[PDB]
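Down below is the structure, laid out as structure tokens.
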Amino acid sequence: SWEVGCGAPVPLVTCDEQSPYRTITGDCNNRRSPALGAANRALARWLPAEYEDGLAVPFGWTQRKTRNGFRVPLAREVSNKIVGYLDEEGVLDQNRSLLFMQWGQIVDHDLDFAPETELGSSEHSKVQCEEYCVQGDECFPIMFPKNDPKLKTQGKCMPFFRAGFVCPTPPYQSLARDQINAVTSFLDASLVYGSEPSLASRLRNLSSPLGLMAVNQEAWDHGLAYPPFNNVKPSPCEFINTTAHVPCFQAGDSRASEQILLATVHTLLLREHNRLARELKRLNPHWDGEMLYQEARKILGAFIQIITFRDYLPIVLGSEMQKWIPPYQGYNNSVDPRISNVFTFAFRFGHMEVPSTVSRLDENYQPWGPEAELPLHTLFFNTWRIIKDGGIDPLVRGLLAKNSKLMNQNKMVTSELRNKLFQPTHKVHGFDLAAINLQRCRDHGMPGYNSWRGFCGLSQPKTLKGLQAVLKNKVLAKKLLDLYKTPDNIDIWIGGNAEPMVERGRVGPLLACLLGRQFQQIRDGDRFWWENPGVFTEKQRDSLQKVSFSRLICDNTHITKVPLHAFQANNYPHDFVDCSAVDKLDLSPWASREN
Ligand code: HEM
Ligand SMILES: *[C@@H]1O[C@H](CO)[C@@H](O[C@@H]2O[C@H](CO)[C@@H](O[C@@H]3O[C@H](CO)[C@@H](O)[C@H](O)[C@@H]3O)[C@H](O)[C@H]2NC(C)=O)[C@H](O)[C@H]1NC(C)=O
Ligand SMILES: *[C@@H]1O[C@H](CO)[C@@H](O[C@@H]2O[C@H](CO)[C@@H](O[C@H]3O[C@H](CO)[C@@H](O)[C@H](O)[C@@H]3O)[C@H](O)[C@H]2NC(C)=O)[C@H](O)[C@H]1NC(C)=O
Ligand SMILES: *[C@@H]1O[C@H](CO)[C@@H](O[C@@H]2O[C@H](CO)[C@@H](O[C@H]3O[C@H](CO)[C@@H](O)[C@H](O)[C@@H]3O)[C@H](O)[C@H]2NC(C)=O)[C@H](O)[C@H]1NC(C)=O
Ligand SMILES: *[C@@H]1O[C@H](CO)[C@@H](O[C@@H]2O[C@H](CO)[C@@H](O)[C@H](O)[C@H]2NC(C)=O)[C@H](O)[C@H]1NC(C)=O
Ligand SMILES: [Ca+2]
């Protein structure tokens with residue numbers, strides 16, 4: 001097979017092995033195979049890639065060719081018939097907050113990214129894709145089926161570009177096509193600190209010896225910080241309201257400004273880096289800026305680890321967790337920490353948890369002003385609503401008080417995501433996230449629903465009656481097969497999502513498995529996982545056990561009323577208490593001494 005080590009990454013990183021700090025790139029975690037889990041390398045393959053030419057060409061590319069003796073259904077046709085719904089009433093999750101959706105997006109963004117193939121600088125390859133919908137090379141258009149209302153308004157297709165691949169980005173051929181993970185595979189708060197040594201520095205305040213991080217100079221949220229602006233024009237954030245002139249935020253992750261609430265938790269995280277950084281110079285005045293940045297970076301890492309695994313995961317995987325993520329037993333140097341290709345489609349389960357509206361509430365948890373409840377589609381790359389319409393305080397209260405959208409077989413993805421999505425480079429408010437997910441499955445060369453079913457050790461449904469038993473839904477299983485013709489061909493995203501949810505959790509049998517395995521691999525294969533003896537001192541761990549997302553809000557906002565359990569559905573005022581009832585993170589054990 002091979003090549004054994006293709007591609008060019010950040011080709012200049014040799015290990016210190018004696019440093020107690022993670023590399024920005026994620027290198028040097030593993031002593032034996034040191035590029036394992038790093039950034040800018042092939043997503044791991046749990047199962048062999050599936051292309052029609054067996055090498056690189058997606059299923060759906062050529063019209064004459066077929067998948068298992070059937071034509072693959074159009075990306076959007078799958079959506080129009082199965083994914084969409086009209087009536088938004090009763091789709092709310094009665095036992096999970098908007099934060100349950102929100103944190104999903106934070107971890108994931110920490111864990112993976114597969115950068116698009118917008119290669120070029122002054123180009124007509126972008127034009128022949130968008131204007132003419134000409135398939136070929138790095139352009140893979142999402143066509144519109146007969147009687148799509150988007151034909152009248154938008155055109156003949158939705159522009160779609162293939163994902164970036166290993167070795168170089170001009171076509172080529174040898175092994176099957178593997179897609180690139182632009183971020184580090186460890187749960188290491190890279191959304192904040194970056195995955196490139198080049199960018200990791202740009203985000204830092206290297207003007208003072210305090211290990212602080214660059215903050216906005218133009219705007220201020222009641223004396224509290226905002227992220228810096230991305231002064232790289234043209235920007236998507238400016239385009240949406242030209243009169244405002246407000247550009248996107250800049251963090252260690254490109255997707256920080258995609259939606260308004262994701263930029264909000266980005267503000268909270270950046271805020272507590274500086275708070276830890278400041279409290280550490282209170283306690284350790286002799287420390288240089290480097291120790292400060294790094295020591296703060298280490299606590300925040302541990303922060304995102306404890307919240308993800310103690311608070312988030314148990315309510316996602318549910319009864320299935322102990323089956324897949326048993327209790328911790330130490331760092332296994334034989335476990336592959338890399339994020340697999342399929343995982344980048346498993347974690348997308350959350351797209352069906354995004355509700356139609358984002359609300360802004362006041363101190364009394366009452367609707368804030370005339371335009372309190374906004375449509376979500378108006379909030380893609382919307383930063384002017386943060387900076388010039390209340391700050392983050394109203395949006396944070398919304399997260400804690402308002403419900404998440406519950407997954408439903410008859411009501412899947414909101415039309416605000418499935419019909420009105422804004423994509424950063426393009427101009428209109430009209431892409432389909434359901435269709436975009438469905439061709440990326442095909443682009444990445446995913447094997448079908450059944451391979452993955454079997455991979456996890458679950459009955460591989462082959463008949464109409466078979467699929468029924470698994471999906472516990474006769475009408476959905478029939479629509480699925482009328483389009484896919486066989487359950488072997490169902491795209492992993494929709495197939496995995498269609499399944500009913502496990503007990504006490506928010507995902508079904510197949511997804512619990514795929515998600516379950518990854519999260520254990522990235523816990524067990526991480527040399528810097530907080531609990532692993534050596535990383536944090538015995539005392540340091542005891543304080544880290546006390547962190548809560550509620551405390552992140554209290555110490556970095558002028559919200560004073562917070563629920564204790566921030567991922568479950570809480571009502572005002574009964575479930576809300578004072579910030580004083582919420583346990584503080586004691587940073588005393590970090591106090592190093594001299595004589
Ligand atoms: C309104 C909120 C959200 C918006 C607007 C949004 C939008 C997007 C878009 C446009 C993509 C690119 C898809 C592609 O081209 O393949 C994406 C990727 C992704 N999203 Fe979301 N998303 C949201 C929330 C979430 C949440 C809450 C989660 C997790 C629970 C999530 C999980 C993911 C994952 C895993 C990817 C692929 C990551 C990778 O690059 O490998 N998203 N999102
Ligand atoms: C483009 O961005 C600007 C903000 O930079 C938006 O303009 C603002 O629009 C609202 C009206 O919807 C104005 O608020 C008004 O004043 C007070 C609150 O400050 C309130 O009592 C009034 O009832 C009213 O809501 C605000 O002054 C105005 N800013 C100015 C002077 O430009 C604009 O709506 C955005 N448009 C788009 C295309 O989204
Ligand atoms: C809504 O979700 C809440 C968050 O999980 C959940 O709170 C959970 O309540 C039970 C208390 O019993 C705990 O789960 C345990 O339940 C039984 C024990 O009687 C066992 O079978 C389970 O294995 C499990 O240990 C959770 O600890 C607790 N969650 C947390 C972390 O606070 C509510 O119960 C849910 N509300 C509804 C709709 O019932
Ligand atoms: C990099 O770090 C610098 C030092 O920590 C920081 O400069 C400080 O900025 C704050 C906030 O803008 C200023 O605090 C306040 O100054 C007066 C107080 O009398 C107020 O009237 C202002 O409203 C302001 O809030 C400090 O004056 C300033 N400190 C120093 C040492 O000059 C930079 O802003 C940081 N730069 C970046 C890009 O992150
Ligand atoms: C560390 O984890 C690895 C991977 O799960 C374990 O390696 C397995 O060892 C079994 C024997 O029990 C072998 O049959 C397999 O070859 C290994 N499995 C895999 C997935 O490769 C190992 O048991 C663990 N080691 C320690 C010390 O905990
Ligand atoms: Ca990471």
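A note on labels: chains of the structure tokens are A, B, ... as shown, every chain counts residues from 1, and ligands are counted from 1 in their shown order.
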
I need the residues of stretch 359-421 of chain A that end up classed as strand (DSSP E or B) by DSSP on the backbone, written out as a PDB file with N, CA and C atoms, in the first residue's frame.
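Result file follows (states32.pdb):
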```
ATOM      1  N   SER A 359     -33.159  34.250  20.865  1.00  0.00           N
ATOM      2  CA  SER A 359     -33.786  35.296  21.676  1.00  0.00           C
ATOM      3  C   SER A 359     -32.767  36.058  22.514  1.00  0.00           C
ATOM      4  N   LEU A 361     -32.648  38.294  26.103  1.00  0.00           N
ATOM      5  CA  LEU A 361     -33.398  38.573  27.326  1.00  0.00           C
ATOM      6  C   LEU A 361     -32.696  39.598  28.224  1.00  0.00           C
ATOM      7  N   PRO A 367     -38.155  39.324  27.590  1.00  0.00           N
ATOM      8  CA  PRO A 367     -37.772  39.695  26.225  1.00  0.00           C
ATOM      9  C   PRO A 367     -37.168  41.100  26.156  1.00  0.00           C
ATOM     10  N   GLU A 373     -36.757  38.508  19.715  1.00  0.00           N
ATOM     11  CA  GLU A 373     -36.691  37.192  19.093  1.00  0.00           C
ATOM     12  C   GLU A 373     -36.440  37.287  17.587  1.00  0.00           C
ATOM     13  N   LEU A 374     -35.190  37.061  17.185  1.00  0.00           N
ATOM     14  CA  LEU A 374     -34.774  37.190  15.784  1.00  0.00           C
ATOM     15  C   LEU A 374     -34.797  35.837  15.058  1.00  0.00           C
ATOM     16  N   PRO A 375     -35.094  35.832  13.736  1.00  0.00           N
ATOM     17  CA  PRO A 375     -34.860  34.636  12.912  1.00  0.00           C
ATOM     18  C   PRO A 375     -33.367  34.295  12.799  1.00  0.00           C
ATOM     19  N   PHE A 380     -26.409  34.562  10.581  1.00  0.00           N
ATOM     20  CA  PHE A 380     -25.195  33.982  10.001  1.00  0.00           C
ATOM     21  C   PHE A 380     -24.197  35.080   9.650  1.00  0.00           C
ATOM     22  N   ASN A 403     -34.920  26.770  25.165  1.00  0.00           N
ATOM     23  CA  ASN A 403     -34.709  25.350  24.833  1.00  0.00           C
ATOM     24  C   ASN A 403     -33.928  25.114  23.539  1.00  0.00           C
ATOM     25  N   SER A 404     -33.336  23.927  23.422  1.00  0.00           N
ATOM     26  CA  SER A 404     -32.779  23.456  22.153  1.00  0.00           C
ATOM     27  C   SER A 404     -33.897  22.864  21.316  1.00  0.00           C
ATOM     28  N   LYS A 405     -33.640  22.669  20.026  1.00  0.00           N
ATOM     29  CA  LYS A 405     -34.562  21.945  19.160  1.00  0.00           C
ATOM     30  C   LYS A 405     -34.326  20.450  19.329  1.00  0.00           C
ATOM     31  N   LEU A 421     -29.522  29.272   4.463  1.00  0.00           N
ATOM     32  CA  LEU A 421     -28.127  29.378   4.919  1.00  0.00           C
ATOM     33  C   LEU A 421     -27.277  30.336   4.084  1.00  0.00           C
TER      34      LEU A 421
END
```

Practice task
All residues within 10 Å of ligand 4 are required, counting only C-alpha atoms and all ligand atoms; please report them as a PyMOL selection string.
Solution key: chain A and resi 203-220+222-228+274+278

Go through chain A and flag each residue having an atom no more than 6 Å from ligand 2; for those, report the closest pair of atoms plus their distance in Å to one decimal, using only C-alpha atoms and all ligand atoms, ordered by chain and rising number, as a tab-separated table.
```
residue	atom	partner	partner_atom_place_in_ligand_line	distance
A:241	CA	ligand 2	38 (C)	4.9
A:243	CA	ligand 2	1 (C)	5.2
A:244	CA	ligand 2	5 (O)	4.0
```

Can I get the selected residues back with C-alpha atoms, as a compact mmCIF listing (two decimals), in the first residue's frame?
```txt
# COMPACT_ATOMS: atom_id res chain seq x y z
CA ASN A 241 -25.21 44.96 6.98
CA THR A 243 -24.28 50.45 6.93
CA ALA A 244 -22.88 48.95 10.16
```

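Remark: for residue A:69, the closest of the candidate residues A:272, A:52, A:451, A:422 is A:52 (distances computed over only C-alpha atoms).
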
Exercise for the section: Could you pull out the residues sitting within 8 Å of ligand 1, using only C-alpha atoms and all ligand atoms, and write them as a ChimeraX atom specification? Expected result: /A:100-109,111-116,163,181,258-262,343-351,353-354,376,380,417,421-423,433,436-437,440

How would the residues just picked look written out with C-alpha atoms as a PDB file, in the first residue's frame?
```pdb
ATOM      1  CA  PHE A 100     -26.789  21.787  24.724  1.00  0.00           C
ATOM      2  CA  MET A 101     -26.798  22.675  21.042  1.00  0.00           C
ATOM      3  CA  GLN A 102     -24.197  25.348  21.569  1.00  0.00           C
ATOM      4  CA  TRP A 103     -21.565  23.261  23.321  1.00  0.00           C
ATOM      5  CA  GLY A 104     -21.913  20.616  20.648  1.00  0.00           C
ATOM      6  CA  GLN A 105     -20.586  23.161  18.145  1.00  0.00           C
ATOM      7  CA  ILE A 106     -17.727  24.242  20.430  1.00  0.00           C
ATOM      8  CA  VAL A 107     -16.203  20.788  21.071  1.00  0.00           C
ATOM      9  CA  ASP A 108     -16.621  19.675  17.491  1.00  0.00           C
ATOM     10  CA  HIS A 109     -14.926  22.858  16.255  1.00  0.00           C
ATOM     11  CA  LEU A 111     -11.866  18.557  17.325  1.00  0.00           C
ATOM     12  CA  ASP A 112     -12.151  18.831  13.508  1.00  0.00           C
ATOM     13  CA  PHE A 113     -12.122  20.982  10.338  1.00  0.00           C
ATOM     14  CA  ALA A 114     -11.923  19.929   6.700  1.00  0.00           C
ATOM     15  CA  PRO A 115     -11.036  23.101   4.749  1.00  0.00           C
ATOM     16  CA  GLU A 116     -12.717  23.810   1.395  1.00  0.00           C
ATOM     17  CA  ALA A 163     -12.877  19.186   0.373  1.00  0.00           C
ATOM     18  CA  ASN A 181      -7.967  17.975   9.229  1.00  0.00           C
ATOM     19  CA  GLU A 258     -20.515  31.689  11.353  1.00  0.00           C
ATOM     20  CA  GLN A 259     -23.333  32.292  13.711  1.00  0.00           C
ATOM     21  CA  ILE A 260     -24.045  34.770  16.532  1.00  0.00           C
ATOM     22  CA  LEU A 261     -24.136  32.311  19.452  1.00  0.00           C
ATOM     23  CA  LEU A 262     -20.888  30.544  18.475  1.00  0.00           C
ATOM     24  CA  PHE A 343     -16.747  11.278  12.884  1.00  0.00           C
ATOM     25  CA  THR A 344     -16.917  14.579  10.985  1.00  0.00           C
ATOM     26  CA  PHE A 345     -20.352  13.371   9.836  1.00  0.00           C
ATOM     27  CA  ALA A 346     -21.406  11.658  13.056  1.00  0.00           C
ATOM     28  CA  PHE A 347     -21.033  14.851  15.133  1.00  0.00           C
ATOM     29  CA  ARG A 348     -23.158  16.713  12.571  1.00  0.00           C
ATOM     30  CA  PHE A 349     -26.121  15.167  14.424  1.00  0.00           C
ATOM     31  CA  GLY A 350     -26.385  18.602  16.031  1.00  0.00           C
ATOM     32  CA  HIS A 351     -27.657  20.297  12.867  1.00  0.00           C
ATOM     33  CA  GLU A 353     -30.844  20.546  17.267  1.00  0.00           C
ATOM     34  CA  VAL A 354     -30.673  24.129  16.020  1.00  0.00           C
ATOM     35  CA  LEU A 376     -31.663  32.528  12.874  1.00  0.00           C
ATOM     36  CA  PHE A 380     -25.195  33.982  10.001  1.00  0.00           C
ATOM     37  CA  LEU A 417     -30.609  26.143   8.081  1.00  0.00           C
ATOM     38  CA  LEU A 421     -28.127  29.378   4.919  1.00  0.00           C
ATOM     39  CA  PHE A 422     -25.473  31.990   4.154  1.00  0.00           C
ATOM     40  CA  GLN A 423     -22.082  30.733   2.993  1.00  0.00           C
ATOM     41  CA  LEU A 433     -27.141  22.521   5.005  1.00  0.00           C
ATOM     42  CA  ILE A 436     -24.401  20.290   1.824  1.00  0.00           C
ATOM     43  CA  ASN A 437     -23.968  17.519   4.435  1.00  0.00           C
ATOM     44  CA  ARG A 440     -19.764  15.959   1.663  1.00  0.00           C
TER      45      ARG A 440
END
```

Rows by chain and residue number, stretch 306-393 of chain A within 8 Å of stretch 232-238 of chain A, shortest pair, only C-alpha atoms, as CSV:
```
residue,atom,partner,partner_atom,distance
A:381,CA,A:237,CA,4.9
A:382,CA,A:237,CA,5.8
A:383,CA,A:237,CA,6.5
A:384,CA,A:237,CA,7.9
```

Exercise for the section: Find the distance between atom CA of residue A:73 and atom CA of residue A:124 and write it in Å to one decimal. Expected result: 28.9 Å

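If only C-alpha atoms are the atoms counted, then among A:588, A:518, A:595, A:366 the closest residue to residue A:541 is A:588.
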
Practice task
Could you please extract the residues within 9 Å of ligand 3, counting only C-alpha atoms and all ligand atoms, and hand them back as a ChimeraX atom specification?
Solution key: /A:94-96,310-311,314-315,318-319,504-505,565,567-569

Kindly assemble as a Markdown table a list of the chain A residues that lie within 8 Å of ligand 5, each paired with its nearest atom pair and their distance in Å to one decimal, using only C-alpha atoms and all ligand atoms, sorted first by chain and then by ascending residue number.
```
| residue | atom | partner | partner_atom_place_in_ligand_line | distance |
| --- | --- | --- | --- | --- |
| A:329 | CA | ligand 5 | 28 (O) | 7.5 |
| A:330 | CA | ligand 5 | 28 (O) | 7.4 |
| A:331 | CA | ligand 5 | 28 (O) | 7.9 |
| A:332 | CA | ligand 5 | 1 (C) | 4.8 |
| A:333 | CA | ligand 5 | 1 (C) | 7.1 |
| A:334 | CA | ligand 5 | 3 (C) | 5.6 |
| A:335 | CA | ligand 5 | 4 (C) | 5.4 |
```

Exercise for the section: Apply DSSP to the structure's backbone, then extract all residues of stretch 322-463 of chain A labelled helix (DSSP H, G or I) and return them as an MDAnalysis selection string. Expected result: chainID A and resid 322:324 343:353 376:379 384:387 393:401 415:418 433:443 449:456

Problem - Neighbour list for residue A:500 as a ChimeraX atom specification, cut-off 12 Å, only C-alpha atoms, skip fewer than 5 positions in-chain - result: /A:406-410,467-473,476-477,494-495,505-512

Sorted per-residue table, chain A near ligand 6, closest atoms and distance, 9 Å, only C-alpha atoms and all ligand atoms, as CSV:
```
residue,atom,partner,partner_atom_place_in_ligand_line,distance
A:25,CA,ligand 6,1 (Ca),8.9
A:26,CA,ligand 6,1 (Ca),7.8
A:37,CA,ligand 6,1 (Ca),8.9
A:38,CA,ligand 6,1 (Ca),8.8
A:39,CA,ligand 6,1 (Ca),8.4
A:107,CA,ligand 6,1 (Ca),8.3
A:108,CA,ligand 6,1 (Ca),8.6
A:109,CA,ligand 6,1 (Ca),7.7
A:110,CA,ligand 6,1 (Ca),4.3
A:111,CA,ligand 6,1 (Ca),4.5
A:112,CA,ligand 6,1 (Ca),6.9
A:183,CA,ligand 6,1 (Ca),5.8
A:184,CA,ligand 6,1 (Ca),4.0
A:185,CA,ligand 6,1 (Ca),4.7
A:186,CA,ligand 6,1 (Ca),4.5
A:187,CA,ligand 6,1 (Ca),4.8
A:188,CA,ligand 6,1 (Ca),4.8
A:189,CA,ligand 6,1 (Ca),6.0
A:190,CA,ligand 6,1 (Ca),4.8
A:191,CA,ligand 6,1 (Ca),7.3
A:194,CA,ligand 6,1 (Ca),8.6
A:195,CA,ligand 6,1 (Ca),7.6
```

Using C-alpha atoms, can you export the residues from the last selection as a PDB file, in the first residue's frame?
```pdb
ATOM      1  CA  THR A  25       0.100  22.115  16.178  1.00  0.00           C
ATOM      2  CA  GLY A  26      -0.527  19.077  18.371  1.00  0.00           C
ATOM      3  CA  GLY A  37      -3.012  13.669  16.318  1.00  0.00           C
ATOM      4  CA  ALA A  38      -1.321  16.747  14.894  1.00  0.00           C
ATOM      5  CA  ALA A  39      -2.944  19.273  12.550  1.00  0.00           C
ATOM      6  CA  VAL A 107     -16.203  20.788  21.071  1.00  0.00           C
ATOM      7  CA  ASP A 108     -16.621  19.675  17.491  1.00  0.00           C
ATOM      8  CA  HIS A 109     -14.926  22.858  16.255  1.00  0.00           C
ATOM      9  CA  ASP A 110     -12.121  22.115  18.704  1.00  0.00           C
ATOM     10  CA  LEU A 111     -11.866  18.557  17.325  1.00  0.00           C
ATOM     11  CA  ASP A 112     -12.151  18.831  13.508  1.00  0.00           C
ATOM     12  CA  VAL A 183      -7.025  21.484  13.345  1.00  0.00           C
ATOM     13  CA  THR A 184      -5.530  19.345  16.136  1.00  0.00           C
ATOM     14  CA  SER A 185      -7.355  16.138  17.074  1.00  0.00           C
ATOM     15  CA  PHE A 186      -6.986  16.489  20.852  1.00  0.00           C
ATOM     16  CA  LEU A 187      -9.598  18.238  22.988  1.00  0.00           C
ATOM     17  CA  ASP A 188      -7.182  21.108  23.578  1.00  0.00           C
ATOM     18  CA  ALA A 189      -9.057  24.431  23.276  1.00  0.00           C
ATOM     19  CA  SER A 190      -7.657  25.150  19.824  1.00  0.00           C
ATOM     20  CA  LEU A 191     -10.688  27.231  18.889  1.00  0.00           C
ATOM     21  CA  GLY A 194      -5.098  28.229  17.113  1.00  0.00           C
ATOM     22  CA  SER A 195      -3.647  25.234  15.257  1.00  0.00           C
TER      23      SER A 195
END
```

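Checking A:466, A:327, A:370, A:136 one by one against residue A:57, counting only C-alpha atoms, you find the shortest gap at A:136.
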
Practice task
Considering only C-alpha atoms, state which residue in the set A:398, A:573, A:247, A:355 is at the smallest distance from residue A:89.
Solution key: A:355

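Counting only C-alpha atoms, the residue from A:501, A:248, A:129, A:579 that sits nearest to residue A:317 is A:501.
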
Using only C-alpha atoms, which protein or nucleic acid residues come within 12 Å of residue A:537? Drop anything in the same chain fewer than 5 positions from it, and give the result as a compact mmCIF listing (two decimals) with N, CA, C and O atoms, in the first residue's frame.
```txt
# COMPACT_ATOMS: atom_id res chain seq x y z
N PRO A 20 6.03 20.67 29.81
CA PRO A 20 4.70 20.31 30.28
C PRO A 20 3.60 21.00 29.49
O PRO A 20 2.50 21.21 30.01
N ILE A 299 -5.10 25.34 31.92
CA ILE A 299 -6.31 25.29 32.73
C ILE A 299 -7.55 25.25 31.83
O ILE A 299 -8.45 24.44 32.04
N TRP A 530 -6.28 15.82 31.41
CA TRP A 530 -6.10 16.40 32.75
C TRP A 530 -5.92 15.39 33.88
O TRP A 530 -5.11 15.60 34.78
N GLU A 531 -6.69 14.30 33.81
CA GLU A 531 -6.70 13.29 34.86
C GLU A 531 -5.44 12.44 34.89
O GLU A 531 -5.08 11.93 35.95
N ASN A 532 -4.80 12.28 33.74
CA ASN A 532 -3.58 11.48 33.65
C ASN A 532 -2.52 11.99 34.61
O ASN A 532 -2.11 13.15 34.52
N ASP A 542 -8.15 18.74 42.00
CA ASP A 542 -9.26 18.86 42.94
C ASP A 542 -10.08 20.13 42.75
O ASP A 542 -11.30 20.12 42.93
N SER A 543 -9.41 21.22 42.38
CA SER A 543 -10.08 22.47 42.06
C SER A 543 -10.73 22.42 40.68
O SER A 543 -11.80 23.00 40.46
N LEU A 544 -10.08 21.72 39.75
CA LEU A 544 -10.57 21.59 38.38
C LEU A 544 -11.86 20.78 38.32
O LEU A 544 -12.65 20.94 37.39
N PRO A 589 -3.46 26.40 44.23
CA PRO A 589 -2.41 25.38 44.04
C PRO A 589 -1.40 25.68 42.91
O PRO A 589 -0.36 25.02 42.83
N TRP A 590 -1.70 26.67 42.08
CA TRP A 590 -0.79 27.09 41.02
C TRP A 590 0.31 28.02 41.54
O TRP A 590 1.26 28.34 40.81
N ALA A 591 0.18 28.45 42.80
CA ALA A 591 1.14 29.35 43.42
C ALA A 591 2.49 28.68 43.70
O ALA A 591 2.66 27.98 44.70
N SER A 592 3.44 28.89 42.78
CA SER A 592 4.79 28.36 42.93
C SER A 592 5.63 29.27 43.83
O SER A 592 5.40 30.48 43.88
```

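Between atom CA of residue A:339 and atom CA of residue A:159 there is a distance of 27.4 Å.
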